[PDB]
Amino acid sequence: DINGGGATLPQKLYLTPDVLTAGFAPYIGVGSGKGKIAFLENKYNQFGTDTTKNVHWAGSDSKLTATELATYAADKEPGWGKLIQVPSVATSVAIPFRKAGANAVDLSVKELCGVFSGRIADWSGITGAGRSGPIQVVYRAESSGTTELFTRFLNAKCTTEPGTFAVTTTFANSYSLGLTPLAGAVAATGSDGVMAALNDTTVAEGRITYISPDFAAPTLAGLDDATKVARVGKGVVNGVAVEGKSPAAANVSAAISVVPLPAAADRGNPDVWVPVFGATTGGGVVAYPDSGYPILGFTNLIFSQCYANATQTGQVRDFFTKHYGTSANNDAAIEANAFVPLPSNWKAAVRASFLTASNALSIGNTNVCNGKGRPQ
């Protein structure tokens, strides 16, 4: 089989029948930190106990680091071919919470920052939410791409807390003053473990977290219920009070539609294929949008260009042809899972490097892959 796994943020999408095409084993959600290790080191033990199996791909919403790419380039690429890192879909980062009240919870970004730094310890600190009592933060214990997508936002926008947030996959390491300021914060494993903590009715109300929008409510419409999933973006712009937005996909899709492609000359570098957001545009970073829902980013796929086995090569190509298809694609399933499909120019760019047979970067390229490729 073709074996993949990793990021839990898109796990429900990849588990949806026919999103992964023929030859693909069921996706194993274990966190982006472990998905990267499984792929980069060919360590199926990060996915399960049957270590006779080889790893063929991973889902990750944590970008490959300069060290990870350099190591794979030195150690693995000569035998197995270049790695490919490409965006899969775009996503918001949702902020669900368990705190009763009729009023809409609408976090300003300042309030968001204070909740997650521990500066704001009580729901009364949120204007307009009509709620009072202790807030208890739930966060991911393990190396998590959702934590990376979220702390990249905090690092960019939380600029007037006592401390500052570093970009990281481990939430406990992000804030410079540590988690100590946060009374009774609770760690949980995977997107499912986080929601189970958030929804645990055996404990006092007050919990809040950051999570995949596909896990933050039981249906798409639940993402618009501001008595359970926070709006984010409340503020005053040009003197006029403005309401924040829900984390519904429609509220981040416009900002995603204008993220520019990497330049043609750079497309052999897997680092340029995953856009990341920041305070300002510069150096391939895209500024976080001042309209729509503010916390967004990409979750990605990591594949090999070359597979030793010719059937797997073909099945990997057929997957790309669907997931990046102009038509006959996975876009309805992507929408159904609270994500934003890649813009058509992105899909076309991915096909043109990684599918088009004459391109030297393409999966299973005769000349480049001959004699090479990951084990079956």
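Each residue number is its position in the shown sequence, starting from 1.
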| query | When the C-alpha temperature factors are averaged for each of 197-205 and 242-250, which stretch ends up with the higher value in the entry? | reply | 197-205
| note | Entry B factor averaged over C-alpha atoms, 71-79 against 95-103: higher for 71-79
| field | Residue selected from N300, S291, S304, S174 by maximal Cα B factor | value | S291
| For the listed residues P213, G190, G268, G118, which one has the largest C-alpha B-factor as given in the deposited model? | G268
| request: Divide the modelled residues of the chain into thirds by Cα B-factor and specify which third, lowest, middle or highest, holds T227. | output: middle
| query | Which third, lowest, middle or highest, does the CA B-factor of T51 fall in along this chain? | reply | highest
| Position of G33 among the chain's modelled residues by C-alpha B-factor, lowest, middle or highest third | lowest
| request: Using the B-factors in the PDB entry, rank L149's C-alpha atom against the chain and give the third, lowest, middle or highest. | output: lowest
| C-alpha B factor of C369, ranked within the chain: lowest, middle or highest third? | highest
